[PDB]
Amino acid sequence: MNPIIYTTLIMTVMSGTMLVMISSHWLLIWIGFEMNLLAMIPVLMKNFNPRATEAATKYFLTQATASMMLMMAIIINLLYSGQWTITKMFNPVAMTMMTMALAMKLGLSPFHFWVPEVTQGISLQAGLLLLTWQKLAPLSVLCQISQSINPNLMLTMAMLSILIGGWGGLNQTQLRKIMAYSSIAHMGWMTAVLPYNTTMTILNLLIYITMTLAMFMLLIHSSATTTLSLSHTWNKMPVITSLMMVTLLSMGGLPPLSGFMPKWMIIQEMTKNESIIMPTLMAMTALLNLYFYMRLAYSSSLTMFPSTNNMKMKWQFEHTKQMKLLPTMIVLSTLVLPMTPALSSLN
Amino acid sequence: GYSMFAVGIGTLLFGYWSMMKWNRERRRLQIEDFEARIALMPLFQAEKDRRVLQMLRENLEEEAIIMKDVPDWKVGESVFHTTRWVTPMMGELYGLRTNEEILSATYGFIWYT
Amino acid sequence: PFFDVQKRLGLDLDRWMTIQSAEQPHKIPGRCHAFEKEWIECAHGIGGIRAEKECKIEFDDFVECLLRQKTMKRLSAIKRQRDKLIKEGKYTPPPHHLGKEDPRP
Amino acid sequence: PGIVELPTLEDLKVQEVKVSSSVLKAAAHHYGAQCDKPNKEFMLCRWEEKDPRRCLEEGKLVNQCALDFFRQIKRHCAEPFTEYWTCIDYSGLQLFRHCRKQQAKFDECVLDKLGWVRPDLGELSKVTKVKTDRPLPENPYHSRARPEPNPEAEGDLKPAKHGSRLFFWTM
Amino acid sequence: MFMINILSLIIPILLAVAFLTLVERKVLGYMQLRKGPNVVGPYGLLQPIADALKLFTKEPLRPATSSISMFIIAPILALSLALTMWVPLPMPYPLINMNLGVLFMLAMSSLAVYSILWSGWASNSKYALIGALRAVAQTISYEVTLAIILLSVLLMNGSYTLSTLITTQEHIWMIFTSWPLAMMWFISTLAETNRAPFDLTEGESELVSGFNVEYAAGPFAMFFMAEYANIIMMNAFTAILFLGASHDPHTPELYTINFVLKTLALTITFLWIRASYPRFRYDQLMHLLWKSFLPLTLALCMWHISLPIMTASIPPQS
Amino acid sequence: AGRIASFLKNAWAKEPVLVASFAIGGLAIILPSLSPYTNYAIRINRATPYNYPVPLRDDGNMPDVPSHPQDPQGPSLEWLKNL
Amino acid sequence: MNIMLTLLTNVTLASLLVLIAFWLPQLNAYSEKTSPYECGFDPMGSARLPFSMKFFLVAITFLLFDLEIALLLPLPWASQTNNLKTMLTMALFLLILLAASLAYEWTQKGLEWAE
Amino acid sequence: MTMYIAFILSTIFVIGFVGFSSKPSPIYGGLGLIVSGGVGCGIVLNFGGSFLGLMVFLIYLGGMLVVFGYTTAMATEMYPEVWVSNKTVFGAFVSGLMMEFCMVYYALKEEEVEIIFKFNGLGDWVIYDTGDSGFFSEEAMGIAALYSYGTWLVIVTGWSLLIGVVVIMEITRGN
Ligand SMILES: CCCCCCCCCCCCCCCCC[C@@H](O)O[C@H](CO[C@H](O)CCCCCCCCCCCCCCC)COP(=O)(O)OCC[N+](C)(C)C
Ligand SMILES: CCCCCCCCCCCCCCCCC[C@@H](O)O[C@H](CO[C@H](O)CCCCCCCCCCCCCCC)COP(=O)(O)OCC[N+](C)(C)C
Ligand SMILES: CCCCCCCC/C=C/CCCCCCCC(=O)OC[C@H](COP(=O)(O)OCCN)OC(=O)CCCCCCC/C=C/CCCCCCCC
Ligand SMILES: CCCCCCCC/C=C\CCCCCCCC(=O)O[C@H](COC(=O)CCCCCCC/C=C/CCCCCCCC)COP(=O)(O)OCCN
């Protein structure tokens, strides 16, 4: 692919997301989604091979079905109230269809199956984009229509997402599928607090995005897509594996690391309403994500796996391309808890 | 080579000038017809108001005759909280008439070719 | 979530098409222009929570104009009673209704 | 929700203008030139009251003015008007352009007999002013009283008491 | 009374098609230094009747491998659409007066391709399939350019009503204003009717009979009649669009005579072109339509939007 | 200025269709901004009376509004007859 | 109503022509007569086998260019607006965008058929 | 009740939808979609939407021509399936027909809420407008307002179409 064409496609993806974020008209929001998908399909196919083509096809089918349901919900809402402005969604059937369409776009359970497959079928850069930038538009719409949400449906989907993310991640040796299941669980956490406080949703999204960016950038720096290939990195660059171990611990939600901050905050918010059983269940379930993060840390940093002879040659060369934002991303992923009250600036 | 291009360009320019003159004349004629319609509009509005009111009154009297059997039916009761005038839905003007008039009132203009 | 770029810059990217009571070409009015105008003026500035209760009458009138459910219910009741009366044979329907009416311009 | 007030049938009776569309179109310009005042009064009533039940007398006056206009036209130029409107009526689109001789004869007759001048192009489409003793309606929409707004934000901003007050943080 | 109008429209069109077959044969003969049909009937005037009687008393075949439903549906669709395409033509008054007659013709013309598509597919033979795919390619070649040319020409009419074209060309023919568009439209109508040099769906030398190779007797005659009716109809549309006859409301017969004469001239030009030139390759038709006609058509559409605004010559009837 | 002349000659010798298309498109783009009759087209569009002109209530302080269609006040279309 | 009657009349006439064609003449159908035609020799494969399309990219581009026709059709009515400058700017913008897309597909060998 | 024309057209619309949704073979699916496009054009025409109906019919005719070519190229088999050549396709078709007939009977003989709300029938003529004014078509004016009011829509639409051309070329580049 031409670099000019790649830049144009990335800019079109971002423009579709921005159009979703700045629009007041439902038609313009739908157009933003369409433009984002149209530009996103070729980016997933940048390195051409059958797996990338399969991932792109599955992604297109899922997102096109979601957009059809989105448009039908908009039209039903218009039928029962001649309104185009994104507001309290005057019809409940239309609101149910809207919620299901947005959940399918986000990959929330039980519309979760496509996320591990698409993530595994594409490159690490495409996976970074898909798991970070592609969450902004549906979450922005959900934040805008939160007051009309049905808490039962969204809470059911969020709890299912957390459970399924943990259970599915428990079974993986491929790093991209691990990241996808982690994303599913974190989306569940984000949507669990949405009917109560959208500021907490934004805070969780920001912290998750920072940690995911650090994770994907560390995985690109050490060209590993499997557990066994990541188990070699200690014999080439131990600093990368140590930073990865601390980042995994933060993603597990352990204090005093930054990944503990959202869950903590969310739990507190849920106890400001009554909502006692659900946060307890959510934390006990997030223990599963912590377990498979810890297994990855065992494989890559806390023990030393056997290496190969040809690795000696790799000792003689340095990394050519350097990521300028990786150190700041790591620091923000780990040492940010003491600045928790700054979340007031989010609302 | 040059002669053919020149002849074509001259033909195009002559056609452009003729069409400009004719289109301006047609615009003036349209303005005149629109002014005639504007002059005629108030009488049509008055007769339309009288026709609508007469149909509504006939429907009201017929409904008052019909619906006196039932216990709890207020005759001529509105369906709107507001007390201002609401344009009739045309299922209210032609609701008690033959299907020929209903067809002519609904699809008469669309089907006229 | 929503970055009100239009409000900050005063651009009007899409607000011209959000409602039916907003500056149509040739001043063509919507079928429910007055009802929507009244509901909007009632609900302006007080927030959605208060508007959902204090502007319920205007919204109900607007929805009745939009979908016309009660009007069809009333028309169906009248027609059913008339049909029963004629079937019993007591209706004695008028000439204008039957198409024998003296039309006016 | 209350009953709907409707005029009686007897109140809706008026002498009718029973000439076809071609006849009306053939005399449209002179009709708009002569009967302008009652028509403008009726249109102002119609657009201000927003209720057909409140401008019935104005409609009757419009009908009376049209009847007087057509009575005069019959009295002075029966034949030229008949020829002109027959010419207009033959056309499928009822076009002015195809019958100018008959229009010229009708115009000459009305000018000589009644001193009537056909309006120039763009004159009947003007926005005019009308003098009426009818009071301007105050609530033509029958609007309810608007709910009172949330009061306001007032006073000077002071730092938050003891900071954020979030768990153990003292700032 | 309206059914009488429908019959008086559709029966004379069929007779005109029948005798257009004879006229085309005789014109080709005399341009090829021969005579053509002059034996059965004086000057071959009974030849179309004999051809029709022979074709409708001949056994029709149902191929063993064919899909029978589509096989029978395709000629019915072709003939019915060809007859229907005539109803909005003002001569000077149309049978059906439409606000958007031009768009109606466009839609029905783009529907007519499925006759060839489905007949070729349902024949279940290789030559028919090749002909149907050539039809797909031909439509993809011409459709967009044809639509843009139509819009560019109608930017001076003011609407899509076909009768307004009579008043638009009251003083001058539209060809004097848009002769490049007229040329491209003429070539596009040659391509739209599958006529030489763009007769690729039949392709007699390459594909035997092409899409209708399995058809015989009456179903084949129906395809023939639909094709020739489309010829006459498209040339009548061109005559109305670019050479506007003067209409006197008290004497429509003069307009009818003038319009019929212009239509016959354009149809004879079609026959002349068939007799004069060799056949395109069907990729070359696509390249001609997409690399030469399309850019010029886009530029001329820009020019015909800009020109009425520049010269304050916008037509009426918003 | 000399190489582009050769480029134009070569384009005219190899792809005349594209040369004509680009010339026509450029003329169509740039000419309307240099014509004095575009505003005449705008005025003609504005002078077409699609809707009824609703009269204004006389408050006694509008000397620019005519009291009758034939009064000297109000807009004029006399510019349109000379076009 | 009239258009529906016209459609019914035309379809009925065509159907009656087919019926007459199939019921008037004498039929003698046998296996060799109804076999597929391939110029006197039996076909090797089936006509239902995949048939390669060499101009698939042009077909997709035709799908995309067909919607610009729907976008540009209302131009005769759009030319009657009061703000002619905005309308002309937007129409020229759309046509320039279409020309740019055609130029992009042309220069990247997109109009060439597959070999 | 008046001639049932709109109801008949909408029923044929649903029937064509069931025809292509049972997925016999893309040839017959395209035929069913063409039939649905035609009856939808008729439905929209009966409501005063001449331009929109004609436009949607033209667009879907072009789309189905491209789909026919692609079906011949890439979606064929030795024996293409019809609605009566396979038990799954026939079962889906019959189930769709019975579902439509049951819903029609339910909403016609009774007045009950299927999913959203209730419905009694009375024909679609009741909710019409009886609006008496105009030397123009309102739909034409609204659609033409795209070039004066919808500048933003024109911008985003044109950008999307150009991006679509670039996107299809990138996707089919292969390598
Ligand atoms: C231009 C378009 C419009 C034209 C207007 C006229 C339309 C004409 C109608 C279309 C059909 C044209 C074909 C006419 C030929 C006859 C075909 C058929 O009807 O006849 C026989 C139909 O008959 C059946 O075979 C059985 C006999 C009748 C069946 C009994 C049904 C019960 C009816 C009661 C009868 C009692 C007396 C009726 C008078 C009151 C079929 O026999 P078959 O050989 O296979 O087919 C080939 C015919 N051949 C021999 C001429 C070649
Ligand atoms: C800060 C960064 C700036 C650069 C990045 C900008 C990214 C967005 C791309 C273009 C900016 C959008 C702004 C234009 C919004 C359109 C509306 C506004 O401009 O007003 C219009 C003014 O129109 C003007 O002509 C401006 C439009 C011309 C736009 C030129 C095309 C530029 C787009 C190029 C980038 C887009 C994607 C790439 C495509 C090549 C209409 O005004 P008017 O008609 O009086 O009144 C309407 C109200 N009425 C109907 C009651 C009368
Ligand atoms: C008095 C001076 C006149 C000035 C006129 C303006 C400038 C005229 C010259 C500008 C460019 C002229 C054409 C381009 C240069 C020559 C053509 C060329 O580049 O190579 C030809 C080559 C085609 O040949 P092939 O298909 O590759 O042949 C294969 C078999 N051998 O061209 C190309 O590769 C790309 C062609 C792109 C066409 C552009 C698409 C359509 C755009 C025109 C529509 C209207 C435009 C209006 C908007 C622009 C306004 C300024
Ligand atoms: C003052 C401002 C005015 C603005 C400028 C306007 C003037 C512009 C002048 C130029 C207009 C010319 C229009 C011609 C359009 C296409 C011409 C063309 O170049 O096409 C040819 C080919 O076009 C054809 O020859 C058509 C092929 C089919 C022929 C079928 C029969 C021939 C026609 C017989 C006579 C038809 C008469 C047309 C009008 C009939 C009446 C309506 C391209 O093919 P090649 O030469 O191979 O080059 C491409 C590779 N470089």
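Below, each value reflects all heavy atoms present in this structure, side chains not excepted, and no hydrogens, waters or symmetry copies. Below, chain A is the first sequence line, B the second, and so on; all start at residue 1.
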Can you tell me how far apart [atom1] ([X]) and [atom2] ([Y]) are? Round to the nearest 0.5 Å.
| X | Y | atom1 | atom2 | value |
| --- | --- | --- | --- | --- |
| B:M41 | D:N39 | CE | CG | 12.0 Å |
| D:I3 | B:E77 | CD1 | CD | 9.5 Å |
| D:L121 | B:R28 | CG | CZ | 8.5 Å |
| B:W85 | D:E49 | CH2 | CD | 13.5 Å |
| D:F42 | B:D49 | CZ | CG | 5.0 Å |
| D:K25 | B:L40 | NZ | CG | 9.0 Å |

Check your understanding: With a 4.5 Å heavy-atom cut-off, do D:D51 and B:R84 have their side chains touching?
Key ->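 In short, these two side chains do not touch, never coming nearer than 4.5 Å.
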Review point. Quick one: are D:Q94 and B:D33 in side-chain contact, heavy atoms under 4.5 Å?
Key: no
Chain B contact via [X] - which portion, at a heavy-atom distance below 4.5 Å:
| X | result |
| --- | --- |
| D:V14 | side chain |
| D:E123 | backbone |
| D:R144 | neither |

Write down the atom of [X], the atom of [Y], and the distance for their closest heavy-atom approach.
| X | Y | value |
| --- | --- | --- |
| B:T82 | D:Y141 | OG1-O, 4.2 Å |
| D:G59 | B:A46 | CA-CB, 4.0 Å |
| B:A36 | D:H29 | CB-NE2, 4.2 Å |
| B:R50 | D:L12 | CD-O, 3.6 Å |
| D:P7 | B:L53 | CG-CD1, 3.8 Å |

Point to revise | Pair B:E32 + D:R118, salt bridge at N-O below 4.0 Å | key: yes
Engaged part of [X] at the chain D interface, taking heavy atoms whose separation is under 4.5 Å:
| X | value |
| --- | --- |
| B:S78 | both |
| B:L29 | side chain |
| B:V75 | backbone |
| B:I38 | side chain |
| B:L43 | both |
| B:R37 | neither |

Exercise for review: Dump the intermediate steps for side chain to side chain contact (heavy atoms under 4.5 Å, CB included) on D:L24 and B:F44, then the final yes or no.
Suggested key: CA-CA 11 Å; D:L24 287 179; B:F44 296 150; 3.7 Å; yes
Review point. More than 12 foreign heavy atoms under 6.0 Å from CZ of D:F167: is that the case here?
Key: yes
Revision key, fill the gap. Most heavy-atom pairs under 4.5 Å with chain B, out of D:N139, D:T8, D:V62, belong to D:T8
Check your understanding: Given the options D:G122, D:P1, D:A27, D:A28, which has more heavy-atom pairs under 4.5 Å with chain B than any of the others?
Key ->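 Most heavy-atom pairs under 4.5 Å with chain B: D:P1.
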Exercise for review: Quick one: do D:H142 and B:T83 satisfy side-chain hydrogen bond (donor to acceptor under 3.5 Å, both in side chains)? Show the steps, please.
Suggested key: CA-CA 7 Å; D:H142 295 235; B:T83 45; 3.1 Å; yes
